[PDB]
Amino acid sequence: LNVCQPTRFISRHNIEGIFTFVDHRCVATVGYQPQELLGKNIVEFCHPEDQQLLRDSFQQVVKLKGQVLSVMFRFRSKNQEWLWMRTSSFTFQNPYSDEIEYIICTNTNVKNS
C-alpha cells in the first residue's frame, strides 16, 4: 500500500548546532538548498520563542550519550513561514576512535498547535 510519506531530511551538526551536512531533501522540506544551511547554526532558523528549548536540546542530546532526543519547534522556511519541525537526534562517535561526537538529526515537518 502507498501511504503519504512525511516530508523530512537528515542533517549532521557539531555540538554547538552548526550544520556540517545537510541531505538534499531539505529543499522539499524547508525550501533551502543545502549550502544555504551548511555552516550556519540551526538556532538561526528557529522561532524566537523556541530558541532556548532548541539550545537546551543540544545539551540534552550530548548527555544522552547516543540515545535519541525528540524536540518540536518552529523552523523558518525559505518562504519565511514558520513550519512545525520534529527533530529526532542522537550523538555519534566512530567506536574505534575518540574524535569529538557529532549529532545526527532527522528533521520532519509535522502537524502541531
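Residue positions are given as counts along the sequence shown, with the first one as 1.
According to the deposited model, is the average Cα temperature factor higher in 56 to 64 or in 71 to 79?
Taking the mean B-factor of the alpha carbons in each, 56 to 64 is higher.
For residue 41, return the chain-relative third of its C-alpha B-factor as stated in the PDB record: lowest, middle or highest.
It falls in the middle third of the chain.
Divide the modelled residues of the chain into thirds by Cα B-factor and specify which third, lowest, middle or highest, holds residue 34.
Middle third.
Among the modelled residues of its chain, does the C-alpha B-factor of residue 109 lie in the lowest, middle or highest third?
Its C-alpha B-factor, which the entry lists for residue 109, ranks in the lowest third among residues of this chain.
Using the B-factor values recorded in the entry, state whether the Cα atom of residue 100 falls in the lowest, middle or highest third among the modelled residues of its chain.
For residue 100, the deposited C-alpha B-factor lands in the highest third.
Determine, from the deposited record, the chain-internal third of the Cα B-factor for residue 10: lowest, middle or highest.
It belongs to the lowest third of the chain when residues are ordered by C-alpha B-factor.
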